[PDB]
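Just the one chain here, laid out as structure tokens, in the form deposited in one PDB entry.
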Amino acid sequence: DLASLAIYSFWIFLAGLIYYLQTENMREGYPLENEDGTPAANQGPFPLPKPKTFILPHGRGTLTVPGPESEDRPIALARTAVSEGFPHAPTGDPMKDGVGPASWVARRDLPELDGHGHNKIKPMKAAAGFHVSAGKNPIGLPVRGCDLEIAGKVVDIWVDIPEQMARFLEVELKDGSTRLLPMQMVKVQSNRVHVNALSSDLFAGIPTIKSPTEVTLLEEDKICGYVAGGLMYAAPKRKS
């Protein structure tokens, strides 16, 4: 009967849909590789989808995926075993080298831009009319690391203009230089800013930005990767 026809036809549709979904989710990361970077023999059951091209706003060009994949950075790791499937140990300082949970990706070294072509993120001192509207204003508070030592003070908030949100805290260190801290990795208290991920001695190693009034996508990745890496690697120095 008709209901039978409907259910069988629906399952065929579903199998096609799942095939489509699976292949769409292979647009990044494939082809698969062996641990040495050569192409793996087994690429799985689905073939790579035909390339699609995105036209980027503001004359930033195009992106075609899937396309030639390359880390575009040195990876300081070494095998710990003679067969496939074991962890790869850092050969230097995993925080400095950017591996493990401290990893960063080689995104473009340009700032993200808003719908008008202006920098999306800016220090609040340069963002006209922006101010703290609710909660504790962190500007002027001391910044404490997981070793419970003071590492610096907040001197500004970096804000997302189009989305009206606080994205980073600019923190001044003892030598007078500053660094950015991701807002999602700090705890604003009444008399301080607490940073669980890093001990005081690691604040100076946070990657610096090249221009004082803008952050690039590459810089944000290095900074955020570094900070999150302290959860695993600062550990010896964390106390509570």
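Residues that one form lacks are left out of the comparison. Rigid core: the largest C-alpha set superposing within 1.5 Å between the two forms. Residue numbers here begin at 1 and follow the sequence given.
As for the form deposited in another entry, it is not shown, yet the points below apply to it.
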Moved residue between the shown form and the other one - picked from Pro51, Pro57, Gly176, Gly37, where its Cα shifts 2 angstroms or more relative to the rigid core: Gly37
Any chance the CA of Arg192 moves 2 angstroms or more between the shown form and the other one, core superposed? no
Superposing on the rigid core, I want to see if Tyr20 changes position between the shown form and the other one - specifically a Cα shift of 2 Å or more. yes
Answer with closer or farther for the CA-CA spacing of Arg27 and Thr64 in the other form compared to the shown form; it moves by 3 Å or more. farther
Direction of Cα pair change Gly37-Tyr226 in the other form, magnitude 3 angstroms or more: farther
Flagged movers between the shown form and the other one, rigid core as reference, every CA at 2 Å or more, runs of three or more, listed in order as 20-44, 235-238
